[PDB]
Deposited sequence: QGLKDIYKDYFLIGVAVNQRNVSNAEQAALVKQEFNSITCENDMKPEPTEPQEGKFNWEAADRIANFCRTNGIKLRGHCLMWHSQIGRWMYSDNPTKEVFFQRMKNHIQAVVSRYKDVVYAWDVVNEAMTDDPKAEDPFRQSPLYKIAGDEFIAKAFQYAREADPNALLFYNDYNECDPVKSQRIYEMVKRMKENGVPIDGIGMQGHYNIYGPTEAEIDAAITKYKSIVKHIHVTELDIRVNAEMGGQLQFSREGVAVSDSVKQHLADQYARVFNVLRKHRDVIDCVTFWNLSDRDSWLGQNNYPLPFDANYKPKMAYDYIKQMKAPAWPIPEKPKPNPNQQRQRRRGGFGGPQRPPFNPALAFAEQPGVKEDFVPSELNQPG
């Protein structure tokens, strides 16, 4: 029946929801109906409270992401790290009852292939380097000894960045950082990563972590027609083909939004298994009924 049900033995089937979706009675009934995992989407933490409570009273697993000033003043590494641990341990304590997994660090790696330094030169990095990741996981492991702790990134399937994610997560785990898991965001498209590209990403992440979530599943169209519903349906099937192949390491597959109406990609990107009216799509059937794709992966521009 529900997606969460069909896959009740491969992985949690999850969605990122904002406050409207668990506020709107009808969107909430769908979430309840389709998912056994909720990421707080919202990428004064009232929102994290509502999403958490929704999971609380409805017994849905919560993927901590939502919440996790603090560098505008150019703190010293030391002070930045106390602000980290504070926030991290605050965020984590308030929801360790519901949150089973945390995106402790997001998108620390750069997308630039032509970059000597594989980390995104984010403000956090410019202060601290590698060790803000280390600290972030140490702080979070400490605050909840428990929550699988996920390094979460996107374009996790392209050759270079993925190697960097792997290598960064390898050496940090090698150095003992509590990186329990790797979160493949899953912001794919209809031309997407190929099955082997996701296969080659998961099989690589497999070899250093016992947990891969798909945290932010999204399949934007064009990097509605018949061409479009099949391409969307087909790449979803392709993705869920490779995900249900790695069901062991993959504990959770979270779609990035309840529907195209909510999608960060915009509805014209037709990205999720529910159209803007939350009618399931042929993509939804293709995933539910574990179908294989019709056409092969479309060619790109």
property	result
Deposited residues without C-alpha coordinates, grouped into stretches that follow sequence order	44-56, 82-88, 244-257, 336-383
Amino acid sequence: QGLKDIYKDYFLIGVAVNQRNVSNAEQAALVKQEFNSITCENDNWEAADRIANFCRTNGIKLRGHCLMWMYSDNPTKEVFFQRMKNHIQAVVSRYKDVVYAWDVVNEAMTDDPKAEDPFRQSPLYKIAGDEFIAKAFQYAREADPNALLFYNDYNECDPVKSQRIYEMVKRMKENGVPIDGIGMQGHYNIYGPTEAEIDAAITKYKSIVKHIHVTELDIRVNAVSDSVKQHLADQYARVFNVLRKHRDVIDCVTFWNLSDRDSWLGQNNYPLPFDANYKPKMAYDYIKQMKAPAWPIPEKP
From here on, numbers count along this sequence of modelled residues.
| query | finding |
| --- | --- |
| Which of 44-52 and 267-275 has higher mean CA B factor, as the PDB entry lists it | 44-52 |
| 99-107 versus 139-147 - which carries the larger mean C-alpha B factor in the record | 139-147 |
| Residue of maximum C-alpha B factor among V22, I13, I287, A16, per deposited coordinates | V22 |
| Largest Cα B-factor, entry values, listed residues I212, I219, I208, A223 | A223 |
| Ranked against its chain, the third holding the CA B-factor of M70 | highest |
| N241 by Cα B-factor - lowest, middle or highest third of the modelled chain | middle |
| Among modelled residues of the same chain, the CA temperature factor third for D248 | middle |
| Third of chain Cα B-factors occupied by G186 | lowest |
| Modelled-residue ranking by C-alpha temperature factor, third containing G129 | middle |
